[PDB]
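Remarks on the structure that follows.
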Amino acid sequence: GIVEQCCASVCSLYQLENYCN
Amino acid sequence: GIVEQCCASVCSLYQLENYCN
Amino acid sequence: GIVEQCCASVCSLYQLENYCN
Amino acid sequence: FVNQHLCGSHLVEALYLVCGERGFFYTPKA
Amino acid sequence: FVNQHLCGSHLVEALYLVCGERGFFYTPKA
Amino acid sequence: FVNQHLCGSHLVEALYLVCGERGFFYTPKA
Ligand SMILES: [Zn+2]
């Protein structure tokens, strides 16, 4: 998921908006 | 100590219970 | 700057005193 | 908002900021 | 409680949580 | 005060402690 990319590659806060309720 | 392992290898919270007063 | 060294090498708090207003 | 390299605890922390009172799910590949 | 990889500041922070008002000692090999 | 290895968020955090109400500038090589 994001855990994978946010650490191995890079992510954006708008992508982290996906994991919210 | 734990500083060494908790970083170089891995540790458990029950092992961190050892460093408490 | 310090961002570079504080991470790539090492820095001291007295060097971080330089970035204050 | 730029591209962030977020690992470990710093990641669930960024979720706290981005979601707040909405809440979130932390699902790392197990 | 699972196996944690804890380095640097994140370690004394995990001690804060695990010990609390009991207190702790932070002794890294010097 | 000893020699610290400070990266990422841990760095602006050390600035918060060292400067406080004086304020600071965070300028990383872009
Ligand atoms: Zn960290």
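Residue numbers start at 1 in each chain; chains themselves are named A, B, ... in the order of the structure tokens; ligands are numbered from 1 in the order shown.
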Can you work out which residues are within 10 Å of ligand 1, considering only C-alpha atoms and all ligand atoms, and then hand them over as a PyMOL selection string?
(chain D and resi 6-11) or (chain E and resi 6-11) or (chain F and resi 6-11)
Check chain A with DSSP on the backbone and list each residue it calls helix (DSSP H, G or I), as a PyMOL selection string.
chain A and resi 2-8+13-19
Expected file: the selected residues, C-alpha atoms, as a PDB file, in the first residue's frame:
```
ATOM      1  CA  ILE A   2       1.099   3.484   1.075  1.00  0.00           C
ATOM      2  CA  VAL A   3       3.182   2.170   3.905  1.00  0.00           C
ATOM      3  CA  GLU A   4       5.248   0.430   1.191  1.00  0.00           C
ATOM      4  CA  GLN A   5       5.590   3.414  -1.213  1.00  0.00           C
ATOM      5  CA  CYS A   6       5.638   6.239   1.401  1.00  0.00           C
ATOM      6  CA  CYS A   7       8.764   4.562   2.656  1.00  0.00           C
ATOM      7  CA  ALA A   8      10.365   2.735  -0.343  1.00  0.00           C
ATOM      8  CA  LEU A  13      -0.406  14.128   1.421  1.00  0.00           C
ATOM      9  CA  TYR A  14      -3.289  13.945  -1.109  1.00  0.00           C
ATOM     10  CA  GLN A  15      -2.411  10.200  -1.457  1.00  0.00           C
ATOM     11  CA  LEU A  16      -2.512   9.927   2.322  1.00  0.00           C
ATOM     12  CA  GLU A  17      -6.018  11.418   2.077  1.00  0.00           C
ATOM     13  CA  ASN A  18      -7.006   7.995   0.729  1.00  0.00           C
ATOM     14  CA  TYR A  19      -6.477   6.213   4.053  1.00  0.00           C
TER      15      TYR A  19
END
```
Using 7 Å as the limit and counting only C-alpha atoms, can you tabulate each residue of chain F that touches chain C, with its shortest atom-to-atom distance in Å and the two atoms involved, as a tab-separated table?
```
residue	atom	partner	partner_atom	distance
F:1	CA	C:13	CA	6.4
F:2	CA	C:12	CA	6.3
F:3	CA	C:12	CA	5.1
F:4	CA	C:11	CA	5.7
F:5	CA	C:10	CA	5.0
F:6	CA	C:7	CA	5.1
F:7	CA	C:7	CA	4.6
F:15	CA	C:16	CA	6.5
F:18	CA	C:17	CA	6.3
F:19	CA	C:20	CA	5.5
F:22	CA	C:21	CA	5.6
F:23	CA	C:21	CA	5.4
F:24	CA	C:20	CA	4.2
F:25	CA	C:19	CA	5.8
F:28	CA	C:3	CA	5.2
F:29	CA	C:1	CA	6.7
```
Residues from the last selection, N, CA and C atoms, saved as an mmCIF file, in the first residue's frame:
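In the end it all went to result-v8.cif:
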```
data_model
loop_
_atom_site.group_PDB
_atom_site.id
_atom_site.type_symbol
_atom_site.label_atom_id
_atom_site.label_comp_id
_atom_site.auth_asym_id
_atom_site.auth_seq_id
_atom_site.Cartn_x
_atom_site.Cartn_y
_atom_site.Cartn_z
ATOM 1 N N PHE F 1 25.714 19.041 25.935
ATOM 2 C CA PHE F 1 25.447 19.027 24.460
ATOM 3 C C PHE F 1 26.569 18.286 23.716
ATOM 4 N N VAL F 2 26.247 17.136 23.124
ATOM 5 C CA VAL F 2 27.223 16.314 22.375
ATOM 6 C C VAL F 2 26.995 16.405 20.841
ATOM 7 N N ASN F 3 27.711 15.590 20.060
ATOM 8 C CA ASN F 3 27.488 15.533 18.603
ATOM 9 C C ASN F 3 26.282 14.662 18.225
ATOM 10 N N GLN F 4 25.303 15.280 17.561
ATOM 11 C CA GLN F 4 24.024 14.627 17.218
ATOM 12 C C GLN F 4 23.951 14.334 15.741
ATOM 13 N N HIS F 5 23.487 13.138 15.392
ATOM 14 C CA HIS F 5 23.104 12.843 14.014
ATOM 15 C C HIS F 5 21.597 13.077 13.813
ATOM 16 N N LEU F 6 21.262 14.189 13.169
ATOM 17 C CA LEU F 6 19.878 14.630 13.021
ATOM 18 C C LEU F 6 19.461 14.725 11.568
ATOM 19 N N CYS F 7 18.442 13.941 11.230
ATOM 20 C CA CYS F 7 17.910 13.877 9.882
ATOM 21 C C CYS F 7 16.391 14.098 9.854
ATOM 22 N N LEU F 15 15.801 22.184 16.335
ATOM 23 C CA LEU F 15 15.748 23.656 16.237
ATOM 24 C C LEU F 15 14.696 24.280 17.167
ATOM 25 N N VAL F 18 16.353 24.269 20.589
ATOM 26 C CA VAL F 18 17.491 25.189 20.656
ATOM 27 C C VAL F 18 17.120 26.664 20.510
ATOM 28 N N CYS F 19 16.034 26.993 19.801
ATOM 29 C CA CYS F 19 15.653 28.401 19.565
ATOM 30 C C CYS F 19 14.437 28.867 20.364
ATOM 31 N N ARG F 22 12.499 32.472 20.275
ATOM 32 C CA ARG F 22 13.319 33.283 19.372
ATOM 33 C C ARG F 22 12.900 33.086 17.910
ATOM 34 N N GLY F 23 12.609 31.840 17.556
ATOM 35 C CA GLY F 23 12.155 31.493 16.223
ATOM 36 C C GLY F 23 13.332 30.992 15.432
ATOM 37 N N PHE F 24 13.054 30.360 14.292
ATOM 38 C CA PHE F 24 14.116 29.838 13.422
ATOM 39 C C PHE F 24 13.801 29.835 11.925
ATOM 40 N N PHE F 25 14.837 29.572 11.129
ATOM 41 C CA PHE F 25 14.701 29.371 9.694
ATOM 42 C C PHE F 25 15.163 27.990 9.277
ATOM 43 N N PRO F 28 16.958 23.955 3.962
ATOM 44 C CA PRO F 28 17.716 22.836 3.409
ATOM 45 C C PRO F 28 18.115 23.124 1.974
ATOM 46 N N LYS F 29 19.298 22.680 1.555
ATOM 47 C CA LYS F 29 19.627 22.794 0.132
ATOM 48 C C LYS F 29 18.486 22.163 -0.649
#
```
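You will find CA of residue 12 (chain F) at 6.9 Å from CA of residue 26 (chain F).
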Figure out the distance between CA of residue 17 (chain E) and CA of residue 13 (chain D), please, to one decimal in Å.
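Spanning CA of residue 13 (chain D) to CA of residue 17 (chain E) is a straight-line distance of 16.4 Å.
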